[PDB]
Each structure stands twice: as structure tokens, then as C-alpha cells.
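Protein chains in written order, with PDB author numbering: chain C, 1 to 264; chain D, 1 to 264; chain B, 1 to 264; chain A, 1 to 264. Idealized CB from N, CA, C, for every residue including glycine. One structure is given below, encoded as C-alpha cells.
Protein chains: 4
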Amino acid sequence: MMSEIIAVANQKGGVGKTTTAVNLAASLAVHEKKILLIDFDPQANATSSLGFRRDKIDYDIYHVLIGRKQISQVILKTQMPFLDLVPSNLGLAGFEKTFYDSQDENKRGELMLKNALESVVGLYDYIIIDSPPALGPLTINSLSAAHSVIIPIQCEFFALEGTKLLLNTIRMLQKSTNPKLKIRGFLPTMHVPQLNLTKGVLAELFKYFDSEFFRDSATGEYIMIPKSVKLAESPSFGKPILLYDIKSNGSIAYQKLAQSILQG
Amino acid sequence: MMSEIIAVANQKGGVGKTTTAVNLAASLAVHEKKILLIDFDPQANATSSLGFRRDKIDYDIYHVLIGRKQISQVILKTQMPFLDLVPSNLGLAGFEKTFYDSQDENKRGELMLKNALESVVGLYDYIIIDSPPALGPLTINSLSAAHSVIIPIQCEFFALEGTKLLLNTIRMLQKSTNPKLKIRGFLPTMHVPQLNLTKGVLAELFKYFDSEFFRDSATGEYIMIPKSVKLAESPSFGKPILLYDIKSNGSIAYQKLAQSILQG
Amino acid sequence: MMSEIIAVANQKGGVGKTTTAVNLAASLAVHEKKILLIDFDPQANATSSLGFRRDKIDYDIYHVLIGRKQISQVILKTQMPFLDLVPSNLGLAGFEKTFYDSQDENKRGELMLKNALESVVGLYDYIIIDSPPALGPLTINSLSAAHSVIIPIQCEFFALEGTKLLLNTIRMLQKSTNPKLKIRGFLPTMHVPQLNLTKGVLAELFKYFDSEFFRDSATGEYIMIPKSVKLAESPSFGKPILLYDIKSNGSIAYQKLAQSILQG
Amino acid sequence: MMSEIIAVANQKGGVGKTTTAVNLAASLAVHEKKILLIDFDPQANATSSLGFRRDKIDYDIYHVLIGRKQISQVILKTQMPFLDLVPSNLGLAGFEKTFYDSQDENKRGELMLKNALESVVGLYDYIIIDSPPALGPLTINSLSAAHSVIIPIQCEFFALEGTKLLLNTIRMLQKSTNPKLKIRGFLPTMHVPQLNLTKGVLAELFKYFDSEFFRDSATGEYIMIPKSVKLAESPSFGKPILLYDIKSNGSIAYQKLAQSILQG
DNA sequence: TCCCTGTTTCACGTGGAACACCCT
DNA sequence: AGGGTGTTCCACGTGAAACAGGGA
Ligand SMILES: Nc1ncnc2c1ncn2[C@@H]1O[C@H](COP(=O)(O)OP(=O)(O)OP(=O)(O)O)[C@@H](O)[C@H]1O
Ligand SMILES: Nc1ncnc2c1ncn2[C@@H]1O[C@H](COP(=O)(O)OP(=O)(O)OP(=O)(O)O)[C@@H](O)[C@H]1O
Ligand SMILES: Nc1ncnc2c1ncn2[C@@H]1O[C@H](COP(=O)(O)OP(=O)(O)OP(=O)(O)O)[C@@H](O)[C@H]1O
Ligand SMILES: Nc1ncnc2c1ncn2[C@@H]1O[C@H](COP(=O)(O)OP(=O)(O)OP(=O)(O)O)[C@@H](O)[C@H]1O
Ligand SMILES: [Mg+2]
Ligand SMILES: [Mg+2]
Ligand SMILES: [Mg+2]
Ligand SMILES: [Mg+2]
């Protein structure tokens, strides 16, 4: 078995990584492929996006990382049979400090998620890592474990400057800890295609990275997640979009994305 | 003269800390008050919004915090004569580790920005601090220096959970490092007033904090930053809203906010 | 006992006079008051709305008006024991010529229904008259017999000229043949409260005649017949609504109107 | 030219005779065919639907009928260059009386409009006569003058029985005054296709007249004018649909009606 | 059989954004 | 260009109507 580990990371906040991670885990699970979703955000927004109470959460990914628990100990099962969740909690914040301690003694600790996943990388088809809004210790784990990264891009101004910096970190890890690391693609999120700022910022990213933009290679048209209030309602009902409204366009786009991920 | 030091912070990403910080700084500056805007985010989105190139930026608040530099050295003057900026860069990220080097050694380092600011706090009326989307060391400095905090709320689902944690952290620092700290107000931003998820999240937040909401005290009415494409186009021109589009509603909103802050 | 003789008239077609007449008669009959419903329309829409067969009906109000029959001869008893019907047929169309013959012969004939009615006017509590869509002879009789008039209003454009014109003709008779005639009230019908044309036409009519709009005198709110497919399904079963579907909103409306008419 | 005369008549009120007449005149005028539209209704709602004043109308179809005027004297020009209007006014009511005087002397007067129209039957391609909600003298004139009749049917209950009666009158004229008379078709109006009452009355009327239903010769499919609030606003701006909102479904439908009429 | 609640589909109103005139 | 004007597109909310188990 070969888990593809796809890290949904992007250091910018509010750009759709928790909406993308949760909902791709879902929309790929319905393709009857076994999905594990890691919640690497100390806010634990993905955990709650699937209906859990972080407050009624005993053991989570932190204790796996430091070795106090096996990752197979913490996995929870979700309302979707094919989607299982490694939940998160505020305790994951501690990991920041933890990380630098290894940085002081043996320059490891980028690869803690790498080791924590090693024991289930054959039990799942896809392991999707929802990353927190930083380029800090946690995000670096997320990338180091990963086969590829999915980059949610909200076509507003700062996502210009932001992206290159992120890619910079990628290359750095591509020369340092994770050689295999590929960009699985760029994913426009919250898309409003008729705004002019969006036309411009998309055009810029096209210029530097059109080859990285997700196309449903079935019809080749670009796959962009539409701004959908329904997409932002779905976690409130402890549900993906698939279980909350399978016919809304948020869902259509995230299933199209899953199709594209699958076609190769 | 004694600057009110006001941190626009919130640990959730994309919620308007940077947009509110830039545009409150500007909308107060035109009111003929001398403002310093600190960019406490390694993303340097506030710097970038005022038209600078982070990449053609020499020394920043990082070198201030490590003592290599004076806070008064790094200040740049902006296209508004009354608004000054302390810029940022990824080097500020390094502070993460620097902070914990204090936590291991003498359990301070909460109050670093407080001390570096000490030398410019009488040279300004308001010091407006744009925070990063975390509860880590940087936001801890950002809050601890501050007299009061402005909490921009994106009225969607997670604004529920997050907010409670944020205030608790506020309460925590009030009982440890900054006892004088006040909540200046909550700030609904990107407001689509007719959406149902918004009505709901506003209702919950009203029940728990209705009095802490920015009111146009002339009419008592709520002050809410409307979703406005122009509010998000303006930094692509390195301009605040009032220099980019003074008549749009994003702008009118921020000047009502600024007026409210001045009235007390 | 002195039956109030209430004419539901309006010169525009399809505005609910036949639906209002049937359903007010029924909603008052359920209040244990004895009601006679005159079908003054050669279409005999009120007749068939109560389940009779215009074709298997022998003698009708025509032969009453020409004296060939007593008004007490043509009355049929209906599916409601307290509701009686003077039925109609196409032969009532003949009366047009006949009217002008009286116009030619003794300058009466507006008051023919009045005369034909004299023999049943104390035998009923309310005598409810479904008028045809004109200001011609039949409607002139119908107003001339009547104590008061109920004007069903379809809140579209032509209700504007139309309304004031109907009121005009009312005043004419009030100064000539039937001065006692009172406007029992105005009744918005088929009411869709959110359409903009309705808002506009209602606002116009309000400015000119708000005091005439039927109010739930219990709660003072307006009485408006909601658009109810069932209100239009009921006559196909030869039934009023309260015999058809008493919990529907059309039904509650007509009963609220009935309460209002009795309430004073 | 040989003017086709199409009388839009049906005795039930509020079934679309006037919205249909006005709008077919318009949708036919735009095929660059010369249209003369008679307002044969004393309410003259067709006149007022074309932006004219009953208040500003000097000579109208009444004075033509009594011979005091030429039809060519009263014709007006409309905002559409290929559509001209013979307007109406409440004085047309007088014609009722007029008709019976001839019934008393030489049993003519069905053929008054026929005679008045005699002078423009080569100057127009189509002359469209909007009838009042009666089977009275005017409606009979309109049918007698006309080559064919267009019958708007609102698929509710009373338009079941009503239809049979109307056809009877056709046959009467077809046997007495007007042998050429054709039913150009039945035209479903205010159509709500998913209501069950509408399905049913359609099914019934299909049963009896399935061959009389207007087919868009393009798809063979039935042409049924949808409930369109915009179709009902159009007279408030003195305009047809095609000048007021040419892309709404009201307009497309009245245009399809125009094409079907044109093919023959 | 009488009822009661979850879903669909559809028109219409609303308010934002782009765009094209248009003043002048 | 700057500073109105209205026209076109789209998402979302609403509320009515047909329908469908589900219910003993
Ligand atoms: N395509 C979309 N349309 C509408 N709303 C969306 C869309 N994608 C995401 N959202 C909403 O945007 C808000 C934040 O997005 P989300 O948390 O998924 O991004 P994030 O980067 O994970 O945030 P953070 O970095 O703070 O964890 C939520 O309300 C989310 O539901
Ligand atoms: N009132 C508003 N209307 C429309 N767009 C807005 C508004 N406020 C902010 N935005 C936009 O939303 C995007 C994210 O917002 P912004 O970066 O101001 O929030 P933030 O707090 O800076 O994010 P971070 O949390 O990472 O600092 C930006 O393109 C910004 O222009
Ligand atoms: N409030 C309502 N909701 C729904 N349908 C209605 C309503 N009121 C009337 N209708 C329907 O509209 C159609 C015509 O209304 P109705 O015939 O009662 O008015 P009318 O004055 O009788 O017409 P006429 O002017 O020819 O006598 C009927 O099938 C009727 O059932
Ligand atoms: N397709 C439609 N959708 C919505 N409203 C409509 C439609 N057609 C007509 N109406 C409106 O319903 C009302 C009456 O229709 P209209 O007067 O054309 O029928 P009518 O037969 O002319 O009435 P009359 O029998 O008194 O002549 C008007 O306000 C009319 O514009
Ligand atoms: Mg998240
Ligand atoms: Mg920021
Ligand atoms: Mg009637
Ligand atoms: Mg008419």
C-alpha cells in the first residue's frame, strides 16, 4: 500500500485550507478510497468541521508526535466510513516549543509528523494534512511528511506576495528534509470570477504558475472553488458539504477536485 | 502625551486585523492625530499595504526586539504625513525561538515590544499594532504592550469558538503580564448583513458581548465593516481606503470606527 | 330581523367577488347566522361553486326579477344547513335588454332586485350578493338593493383607475336611487405581500382609503385574503373552503373577515 | 394585404384577454407587420396599457360605431411605429343601449364593428380586438368582425364550464352572422405548470380541444404564457413587454405566440 | 386512512459589482 | 480623467406548492 500524503498548507489565514482539507477528505472518501485526515491546527477547526467537541477530545495528535501515543491509538472514525480523523486540540500549540528543543540538540524535529505517520502510511490511501496558518514548526512537519501539497489561493492581493514565500519554503525543504515533495497543485478558493481584483490576481498567478493550477483534465477547464455560503454553513452542522448539500457548487467543485486528484 | 497602544489582534486568519489596522491608522491620521502602525506580522501585509517593498526593507521590528536596533531607527514615514510605520519581514518569524529562549531563561519575553516601544510612546497619539493570526509569542507581545485590543469578527462559524479562546487568553494575560488591558471593542468585518450564518453568529456574539461592540455613539448604531471589493483592492495600490476611495462604504465604516476611537 | 344586504361588486373581472361571496357566506353560516347567497352572474360561478348544476337547475333569479316566480320559489338549500342559494343561469344575461326596456318604460329597474328581495329580507340575517364584472344593469341592481358593499381588490395596476371609478358609481346611486348604501369595506385578494407591484398599488390605495380596509378588529391588523391554491381548488368540490380545508390560510382569512363583519 | 382580424375574447374576467391583445399586437408589430389594435372594452385597459389617457382621448371607437367618426379619424400611433391603436373610453358602454335599439328595429347591430372596420382592411396586416369580460353586444360585434378568435385560458376551475358556453356563442354567430369565424386557438395564460389544479384543468381542456392549442411550430410544444409579475408591471410603464423587459418569459412567450400566428 | 415532517422546485426581491455612457 | 446614470449579471433569502414516507 502507498498512502499519498497531501498537505493542505498555505501560510495565509482565511484561504480555505481547513475547508479544502475537510471537504477533499470527504469528496475523495466517497470514491470509496480510505482517507485519513490529520488536523494539524491547534485551533482544531477541522476536528469541529466534522462535528466533534474538542472539549470531549481526550487524546489527539500531540501525544502521537511526542510518542506518548501511537497514531493508530488516536484515530477516530467519522460519519463517513471511508474518512477517519486524527483530531487536534489546543495542546498542539505546545508543539512549537517542543520543536525548537530538537533544533537545539540534533536539528531533527522537522520530521516528527513524518515518523508519526510512518505507522499508518499503508493503512490509508490518502492522508491529508490540514495545516495551521504559519510557516512555523507545525507547517514544516506537515510539508516534511508529505508527498505533495495542495495550495488554496484566495485571489486577493496578499496571495501574490504570499505564494512565492511559501514556494520558497518548499524549495528549502525540497533541498533539506523532503526531496520527494511535489506541489500537487494550486487551488483557487472563495472564487468570485467577475470581480476585477480576482481577474488581476489570478492573471498574476497564471503568469508564474499556470502549470500548477488544477484543471479537471476530463474537460481541462480550471477547477476553482466558488464562494458558497453553503460551504461555510456545512461545518456548523458537523458535516462536510457532501452530507450537508451534495448539489451545491461548493460540493460540485470539491468532488471535481477529487476526480482530478484521482485521474493521476 | 501618552499613546494609547491598541493591538488589532485575533488568532483566526483572514479576519481583518491587517485591513482594520492599516485603515484605522489612516482614518485616525486624517483626523490630525500622529499614529504609529506596527507591523507585527512576519507576513508584512501591513507594510506591503502601505506601499513598501518588504524586499527593499533594511531594518525592522525584529532587530528592534533583539536589541540590535532602536525602535525609532526602523520607522518609515508614509504617504500620509501623520501615519508612520514600523515594517516587518520573515526575520520577525525568528522571534518565535527568541521568545522561548526567554521562557527557558527568565520567563519574561512577554513584555519585549512593551520595552522597545517605551521610547516612542510619547512621540505618537495612537500606536496601532497589526497582529499575526496566532496565539503564540508574537501575538503575546502584541497584546501585552497594548492598552486595549480591537477584535475584528468575520461573522461566520469559527468566530464563535475562536473568540471565547481569545478573550480567555486576554483574561490570562490580565492576570499575569498586563493587568490594565481593556477590550476596546469587537469589530464585525466583511459583513454581509443579509446572510443567515451571519445573523446567527452575530446573535450568539450579541448574547455574550453586545455591549463590547463598536457603536457609532452619535446614533448608537453598530459599526460594521461591510464587505467591499474596494477595501481589498486598495492595498494593491499601497494605499489606505481614504486615499484610494474615500467615498466607498469600507471607507465610511472605518472613519466611523476612527471617530469612535477619538471620542474616547 | 333585518338582513343586511351586502353586495360584493367590482367592475374588473377575476378579482375574487365570486370567491369572496361563497366563502363569506360560509364563514358566517358557521357562526350560526342564516345567510342567503344571490348568484347575480349569468356565469353562475357562485352556483357551481356550491356544487349545483347550472344545467339541472330549473327556475332562477331571472324569473324572479320578471315576476314569473317568487324569490322564495327559487332558493335552494345547500350543503351548509345555514347557507341558502338563489341560483343563476345564462338566462340572467337576458336582463340587460329588459333593464333598458324599464329604462324606456318607467325610469326604474335599478331597484328590481330590491323589489324581488322584499319577500325574504327578514328571513335571513345576511343576504350576500355575488355581482358580475361591469358597471352595467346587473351590478346597478346589486348595489341598489344593498345596504353595504364589499370591494375585492386584486393589487395589480388596473385596480387603480378601477377602484376610484367603482366608488364614483357608488356615489351616483347614493345621490339617486339607494342613498343608504355604505361601503362595508375593501378586501385585498389573491394577496402576495412581497411582490413590488402589490406594495405599490396597496400604498396608493392606502393613501386614498386606508380607513376602508377590513381590519381584524380583535387585533386591528388588516384582513387580506392570502393567495391559496386551495381557495381556488374548493369550488371544484362544490364546497366553500371551510368545508374543503378549514385549516388553510384562505379559510382562516375568510373567517377573520366574517368575525369582522359580525364584530360590527 | 388582406387584414386578418383576430378577436381576443373570453367572457371570464381577469384571464389575460387585454394582456394578450396588447402584447400580441406588439410582438406581431415587431415582425414589421402593420397592426391595428381595437380596444373594445369600456374600461379601456388596453388603451391605458399603451400609455394613453382615458382623460386625454378625444374621439374613440364609440363615435366611430355611431358613424359620427371614421375609424381612420380616431386611430392613434403608439410608441411602436408598426402598431397603431383605436382607443376606447367609458362611453363605449353606451353601445349596449345602442345595440338593443337595432335589435328592436331590424335585428342588426352584431355587424357594427364589421361595418366600421370595412375601411382599413387593406391598410393593416392584422387587426387585434381586445374584448370585455362579457358575452354581450360588444363581445358579439368583436367576434362578428373577426376572421378568428384568440381565447386566453387561465387553467383554473371556472374557465372549464365557461369555455363550453363561449364556443356556443361562436357557433351561434357561425350560424347567424359570421360563418368565416375560426378559433385561432386557445392560449393558456397565467400558467403555473406544477400546481395540481393547473395540471387538471389543462388535462380536461386538452381532452376537449387538444387540437386548438397554440403550438410553437418550432418544437410542436404547447405555448402557455407563464405567470410573470413583469408581464403585469408592463402596463404601469405604458409599455408592452418587449419594450419593458424583452428577455422575461412573458415576452418570449408572446413572441412565440406571434411566430406561430405568422406561420399561419 | 388521517396526518406530519423532511425534502424539491420555482418566482421574486435585494444588493453588489462590472460595464457602457454621458455631462460637459 | 472625473463624477453620475442605468443596465446586466449573480448569490442568497423567502415563501408556496407538489411529493413522499412513516404512522400507528
Ligand atoms: N469557497 C468558499 N466559499 C465560501 N466560504 C468559504 C469557502 N471556502 C472557505 N470558506 C469559509 O471561509 C472561512 C475560513 O476558511 P477556512 O478556515 O477553511 O480557511 P483556513 O485557511 O483553514 O482558515 P485558518 O487558516 O484560520 O484555519 C470559513 O468560514 C470557511 O467556511
Ligand atoms: N471589509 C472588507 N471587505 C472586503 N474585503 C475585505 C474586508 N476586510 C478585509 N478584506 C480582505 O480579505 C482578505 C484577507 O483579509 P485581511 O488580510 O485584512 O485580514 P487579516 O487579519 O489581514 O488576515 P491575517 O489574519 O492573516 O492578518 C484581504 O484581501 C483583504 O483585502
Ligand atoms: N385568494 C385567492 N387565492 C387563490 N386563488 C383565488 C383567490 N381568490 C380567488 N381565487 C381564484 O381565482 C379565480 C377567479 O377568482 P373569482 O372568479 O373568485 O373572482 P371573480 O370576481 O369571481 O371573477 P368574475 O369577475 O369573473 O366573477 C378562481 O378560480 C378563484 O378560485
Ligand atoms: N401572465 C401573467 N402573469 C402575471 N400577471 C398577469 C399575467 N397576465 C395578466 N396578468 C395580470 O392580471 C390582471 C388582469 O389580467 P388582464 O386584465 O390582461 O386579463 P383581462 O382578461 O384583460 O381582464 P378582463 O377580463 O377584465 O379584460 C392584470 O393586472 C394583468 O396584467
Ligand atoms: Mg484551520
Ligand atoms: Mg496580517
Ligand atoms: Mg363571478
Ligand atoms: Mg380587459
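At least 9 Å separates the CB of B:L50 from every CB of chain A. Contact between B:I225 and B:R215 does not hold, since their C-beta atoms are separated by about 14 Å, which reaches or exceeds 8 Å. For C:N45, the neighbours in chain D by C-beta distance under 7 Å run, in chain order, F158. Rounded to whole angstroms, the gap between the alpha carbons of D:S72 and D:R184 is 26 Å.
By the Cβ criterion, the stretch 13-32 of chain B is not in contact with the stretch 166-186 of chain B, since fewer than three pairs of Cβ atoms, one from each stretch, lie closer than 8 Å. Under the DSSP definition of a beta bridge, C:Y100 lacks any partner. When the beta-carbon positions are compared, D:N178 and D:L143 come within less than 9 Å of each other.
Among the residues of the stretch 68-94 of chain D, those with a Cβ less than 9 Å away from any Cβ of chain C are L90, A93, in the order of the chain.
Short note on B:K17: C-beta closer than 8 Å to some heavy atom of ligand 3. Distances taken from the Cβ of B:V192 to the heavy atoms of ligand 4 include none shorter than 8 Å. With the criterion set as a beta carbon lying under 8 Å from some beta carbon of chain B, the members of the stretch 8-26 of chain A are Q11, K12, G13, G14, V15, in sequence order. Nearest CB-CB separation between A:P240 and chain B: not below the 9 Å threshold. For B:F40, the three-state secondary structure derived from DSSP is coil. Given a length threshold of 4 residues, each whole run of the alpha helix (DSSP H) inside the stretch 188-217 of chain A is given here in chain order: 196-209.
Chain order gives the chain A residues near B:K97 as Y100, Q103, where near means a beta carbon separation below 8 Å.
Taking 9 Å as the CB threshold, D:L65 stays off the interface with chain C. If you check each beta-carbon in the stretch 222-239 of chain A against every beta-carbon of chain B, the ones closer than 8 Å belong to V229, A232, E233, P235, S236. For A:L83, the enclosing beta strand (DSSP E) begins and ends at 83-86. Beyond the five residues adjoining it in sequence on each side, B:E105 comes within less than 7 Å, by CB distance, of no other residue in the same chain. No heavy atom of ligand 1 is found nearer than 8 Å to the CB of D:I151. Taking all protein chains in view, the Cβ of D:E204 is surrounded by fewer than 16 other Cβ atoms within 10 Å, so the residue is classified as exposed.
Short note on D:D55: C-beta not closer than 8 Å to any heavy atom of ligand 1. Closer than 9 Å at the C-beta level to chain D, one finds these residues of the stretch 118-148 of chain C: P132, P133, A134, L135, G136, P137. According to the DSSP assignment, B:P152 belongs to the beta strand (DSSP E) that extends over 148-154.
DSSP places B:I128 in no alpha helix (DSSP H) but in the uninterrupted beta strand (DSSP E) bounded by 126-130. Residue contact check for D:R54 against chain C: a CB pair falls below 9 Å. Secondary structure of D:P240 (DSSP, three-state): coil. With a cutoff of 9 Å on beta-carbon distance, D:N89 and D:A44 are scored as near each other. At a Cβ-Cβ threshold of 9 Å, C:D39 and C:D130 count as neighbours. Boundaries of the beta strand (DSSP E) around A:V8: 4-8. With respect to the C-alpha of D:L113, the residue from D:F206, D:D58, D:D125, D:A7 having the closest C-alpha is D:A7. Distances from the CB of C:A46 to the heavy atoms of ligand 5 include at least one below 8 Å. Relative to the non-hydrogen atoms of ligand 8, the Cβ of A:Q43 comes within a distance shorter than 8 Å of at least one. Bridge pairing for D:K164: absent [DSSP]. In this structure, C:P133 has its beta carbon less than 8 Å from a heavy atom of ligand 2. Look at D:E110: its C-beta is not under 9 Å from any C-beta on chain C.
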